[PDB]
Structures are given as C-alpha cells and as structure tokens.
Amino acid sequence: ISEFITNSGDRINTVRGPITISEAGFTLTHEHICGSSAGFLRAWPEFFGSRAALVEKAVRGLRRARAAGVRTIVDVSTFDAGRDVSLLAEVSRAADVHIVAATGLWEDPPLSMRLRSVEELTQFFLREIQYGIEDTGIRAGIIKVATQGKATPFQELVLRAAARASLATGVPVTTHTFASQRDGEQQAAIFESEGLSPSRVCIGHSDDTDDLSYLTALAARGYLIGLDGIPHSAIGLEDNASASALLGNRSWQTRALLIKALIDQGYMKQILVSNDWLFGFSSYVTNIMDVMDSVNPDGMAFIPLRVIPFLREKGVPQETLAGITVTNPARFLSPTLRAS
C-alpha cells in the first residue's frame, strides 16, 4: 500500500528541499551536472561557453532523461569536483528532475582539505549534511569518497570521516574506485573497521572491471555494487588517446552484461545502475565533453533508452529492472536511524 502514497512518509533531501521516498521514482544514483573544480565555474564560466549555456545544456539533457522515465538523479560531485549546488538547484527546477547533492571529497582536494584531520573532515561532512552547503541551505543526501588504487593516508582519513558522518546522520556513502585494482575490498575493510553497515555503502565504478568474483564477493557481504558508467566507451575513438584513457575500450554491452550477470547470480537487490554522465567537464582535456557527447547523445537517458530494452530482450523481467532502478535507490538513499 505505502508504495503508492506520495503525500506523506519519510523524506530524502534534494536541492529543492525534502521529497518523499515515493516521489524519488526512477533514480540514477551516480551522475554529474558539471565535473569541475572548486570555484572554477564561478571564476571562468566562459570555459563552458557561458553559465547560461551550461544551464540550458543541462536542462535539455535532464528533460531528455525525464521523458525517458528518469525522475531523480544523485549528483555525486563533491566540493573538490566543483559542485555548485546553486547550479544544481536551477537546473532541477527548470527540468523538474530531483537532484540529490553530495558531500565528501573526490580525487582533487586542495591544501585546505588535505591538511585536515579525520575529526575536522568529519565536521565538514556533517556541516554539509546537517546545516547546508555554503550559504544555500541545501543539505547533502549522500557522502562521496574516492580511491585510485591503494588509499593514500589522506584518503584513509576521508573514508573514516565519511563512515563517521554516515553513522551520525543516516545518509549513505558512495565511492569512486579503480575497479581493476579491487579498491572496494580495502574500502570495505576501512568502513567495517568504523562500524558502517555495508547496506549503506555503494562501491562505485564497479563496471570498469570484468572480475565477477570480486563483485559477487562484495555483493555477498551486503555492499551495493555501482554499475554506473555503462555508456563509457571509446570504441570508434581509438585514435584519440585522451578519450581512450578515460572511457576505456570495453563496450557498453560488455558493461551492461555485468548487470545481467549479477542478476543471474542472485544479487539483483545489491545492484545500482547509472551513466556517470556530465553536461560540463573541465577537470580533464579541453575537448572531452564534445567527444563524449559525440558517442552518447542520449546522455543520462542512456540507461532507460538503451540499457533497459537491451536487458529486457535478454530475458530480464521488467519488474526486476524496475526494482533495480526505482526500489533499490529508494532503499539506499532513504536515511536510516542516526547512531545513539
């Protein structure tokens, strides 16, 4: 009964305020409006044409995803990935797509973050969840962390601060990995040493690897498996070294068949799916957004328009795919009880 009720119930924080779990609907759990650096969009909007051009591009892309069935995206851009929650709020209002914002730290923390203690980082993550991001009053609904191989000492502090902020607030944790180095195993160990439940943790970029034994072992432990870069592929771009390095030479079909593989092995309840798409991208080579748009014009609509029909004709039931894209994110994003 309660799956049909939207006018009441517990709530998820978005850039427009709280929404009921029922209102979240079809949710992409790992996306970006703009992948940049702190302060960069405000200091150099002409890099993106203009701020107005970036807004219009993102609103059009979100409307395309909405027409394909998407109702919510989780923008997992952190402070150091150039998250501008005022941009997120504007595009969310114009496109009528819910956007959950993130705290945490990604791969490019400045000195003012890298010098901080685990206790200090915990306070910063709590600030963005409990008080608001900058002076906007927009509260983060997820904590994003990253490793690229064995964690640096600072990344260990970030992982522990994320776990502590998660336990204190009930909001979940989502991660960036070098999946080929099995990063999720060390991340899980650090999280478990802090007492975090695996059901509150998504191990991301997990479709970057073909090692099913690594994925199934984490899923068996209760971790959520983020198969979040399905359209990332440089097939056809083999002469472009920067695009090939970023997007890989594995096909979207290969990535999508990892979804089916985990389903077939009984782990559908542990899967989250996304595009890891962007509408602007300044933290890499200059032409990269144009290159990416050239091989995936559907943008964030790729999951509903391409991956769902592909898996359905492979025999995955529609209700299973709805469970992965609607119910699984709702359980993940719903805040659990705070500790104590």
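Residue numbers run from 1 along the displayed sequence.
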Once average C-alpha B-factors are taken from the entry for 159-167 and 189-197, the winner is 189-197
Per the PDB entry, mean CA B-factor is higher for 107-115 or 208-216, namely for 208-216
When the entry's CA B-factors for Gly236, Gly82, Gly141, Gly137 are compared, the highest one belongs to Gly137
Of the three thirds of the chain ranked by Cα temperature factor, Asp183 occupies the highest
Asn287: CA temperature factor from the record, placed by chain third, in the highest
In terms of its chain's C-alpha B-factors, the third that includes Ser50 is the highest
On the chain's distribution of Cα B-factors, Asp293 falls within the third called middle
By the entry's values, the third containing the CA B factor of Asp276 is the lowest
